[PDB]
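K.L.:
How does the following fold in three dimensions:
(one chain, ligands or ions: 1)
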Amino acid sequence: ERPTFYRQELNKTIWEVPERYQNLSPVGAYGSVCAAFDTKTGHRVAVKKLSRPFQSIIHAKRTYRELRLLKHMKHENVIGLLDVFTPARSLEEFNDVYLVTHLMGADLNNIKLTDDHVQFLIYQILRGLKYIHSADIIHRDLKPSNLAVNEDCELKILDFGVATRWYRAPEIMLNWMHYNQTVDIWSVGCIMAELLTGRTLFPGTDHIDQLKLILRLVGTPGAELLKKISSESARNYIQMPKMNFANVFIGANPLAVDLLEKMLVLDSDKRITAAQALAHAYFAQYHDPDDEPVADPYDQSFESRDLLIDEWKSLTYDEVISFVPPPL
Ligand SMILES: Nc1c(C(=O)NCc2ccc(C(=O)N[C@@H](CCC3CCCCC3)C(=O)Nc3ccc(F)cc3)cc2)cnn1-c1ccccc1
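P.N.:
Residues are numbered from 1 along each chain as shown. Right below this line is the structure:
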């Protein structure tokens, strides 16, 4: 049943991996991540050694959460789990978790982009977000560095864990209660803007400067939206004119400007969803209602639980043991 592991020191870091994975080479920003050769598939992979996975309740829950989320994701435009392993033979000796994913070529932060490429890249993000959102999962940290492409411009959403705040929706700039899945659509708008102009749309130096730069584009809220804000601080802070997107994004595909106007809406209740955005004219070349799948249901009940490290650790171990490799 159990493979043969081999040990190796890489960054004064002990890596213990199955013989399956060869020629481990550190990729050191992304965490403890090595490019490896998978002798079973003949394809290169990424192997992530979780850092101090059971150091604390917080780490333990984070470890469990990352493994639960990765085991769930079965979509072309979302990072998926090829393998998860531990060198541990028992729950008793379980202290290290290794995750195996596809190796991606470059982050979108690395990559003048043509309108074709913007269309295809934002299409693939929305297709992935449709899937993630359908399981009631919110990304919450979409930014160029969390999006990866191969040379084929095939895109995957991931979360590696510059500034998040540049891409963050106004309604979660202060308090994290009154928000929905469309926080991720705001992020998609900021990314798409950047892809079209080669500039950060909203390079705020802090959470208040950020809100200033956003309002300068979308305009200060009307009475309609001001009435839906609970926080005296946030309301009293905000308490001018909406710019013509066609002026700001001069020379863009006018259909890219129209979609941007539907994505960068202050009122999160009126912001276009991933599903709706896919059906926008911009994506006429790439939209197929029969190849934009939704996810299986995702059991998120664990998010509400306050459990001990040994409880989170045992749950993670179960999820390692029950893992079913995807087909080749
Ligand atoms: N560097 C790499 C790799 C890698 O590193 N492969 C391992 C790998 C990657 C991502 C995840 C990952 O996305 N994990 C997510 C869960 C899943 C998401 C859920 C929401 C939707 C999108 C997927 C997570 O839980 N992150 C996390 C965030 C904050 C934390 F405090 C703790 C964890 C896990 C393992 C491949 N390719 N590359 C690569 C190489 C060269 C150039 C560019 C990229």
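
K.L.:
switch to C-alpha atoms for all contacts and neighbour counts from now on
P.N.:
Fine.

K.L.:
and residue 265, that's in a strand?
P.N.:
No: read with DSSP: H, G, I helix; E, B strand; the rest coil, residue 265 is coil and lies in no strand.

K.L.:
All the strands of the stretch 151-300 of the chain, residue numbers only.
P.N.:
155-157 (DSSP state E, counting those that start in this stretch).

K.L.:
Any figure for the gap between the closest residue to residue 150 other than its chain neighbours and residue 34?
P.N.:
Beyond its immediate neighbours in the sequence, the residue positioned closest to residue 150 (Cα to Cα, 6 or more residues apart in numbering) is residue 105, lying 4.5 Å away. To residue 34, residue 105 is 13 Å away according to Cα to Cα, to the nearest Å.

K.L.:
The two: which is more packed in?
P.N.:
Legend: neighbour count by other Cα atoms under 10 Å for residue 105 and residue 34, higher for residue 34 (22 against 14).

K.L.:
Count the neighbours of residue 153 for me.
P.N.:
For residue 153, using other Cα under 10 Å, the count is 15.

K.L.:
wait, doesn't it sit right on residue 119?
P.N.:
No: using Cα atoms under 8 Å, residue 153 is not in contact with residue 119, being 11.3 Å away.

K.L.:
State the phi and psi torsions of residue 151.
P.N.:
phi -60, psi -20 (degrees, to the nearest 10).

K.L.:
wait, residue 15
P.N.:
The phi/psi pair for residue 15 (degrees, to the nearest 10) is phi -110, psi 120.

K.L.:
give the contact list for it.
P.N.:
7, 8, 9, 49 (Cα atoms under 8 Å, 6 or more residues apart in numbering).

K.L.:
is it in a bridge, and if so with what?
P.N.:
residue 8 (DSSP bridges).

K.L.:
Next: the one 10 residues further on.
P.N.:
Beta-bridge pairing for residue 25 (DSSP bridges): residue 35.

K.L.:
So which bits of the stretch 51-200 of the chain are right by the ligand?
P.N.:
62, 66, 69-70, 78-79, 99, 101-107, 139, 148, 157-161 (Cα under 6 Å from any ligand atom).

K.L.:
thought residue 195 was touching residue 118?
P.N.:
Yes: counting by Cα under 8 Å, residue 118 is a contact partner of residue 195 at 6.4 Å.

K.L.:
Which one's more surrounded, those two?
P.N.:
A count of neighbours by other Cα under 10 Å puts residue 195 above the other of residue 195 and residue 118, at 25 against 18.

K.L.:
what separates the more buried one from residue 128, distance-wise?
P.N.:
When residue 195 is compared with residue 128 (using Cα to Cα), they lie 18 Å apart.

K.L.:
Where do the helices of the stretch 151-300 of the chain begin and end?
P.N.:
183-197, 207-218, 223-226, 232-238, 245-248, 254-263, 274-278 (DSSP state H, counting those that start in this stretch).

K.L.:
among the residues of the stretch 51-200 of the chain next to the ligand, which are in strands?
P.N.:
99, 101, 102, 106, 107, 148, 157 (DSSP state E).

K.L.:
Can you select the buried ones from these in PyMOL?
P.N.:
Here is the PyMOL command that picks out the buried ones among those, judged by 16 or more other Cα atoms under 10 Å:
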select buried, resi 99+101+102+106+107+148+157
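
K.L.:
quick one: buried residues of stretch 284-304?
P.N.:
287, 292, 294, 295.

K.L.:
what's the closest of these to the ligand?
P.N.:
Taking Cα to the nearest ligand atom as the measure, the ligand lies nearest residue 295 of the buried residues of stretch 284-304, at 11.8 Å.
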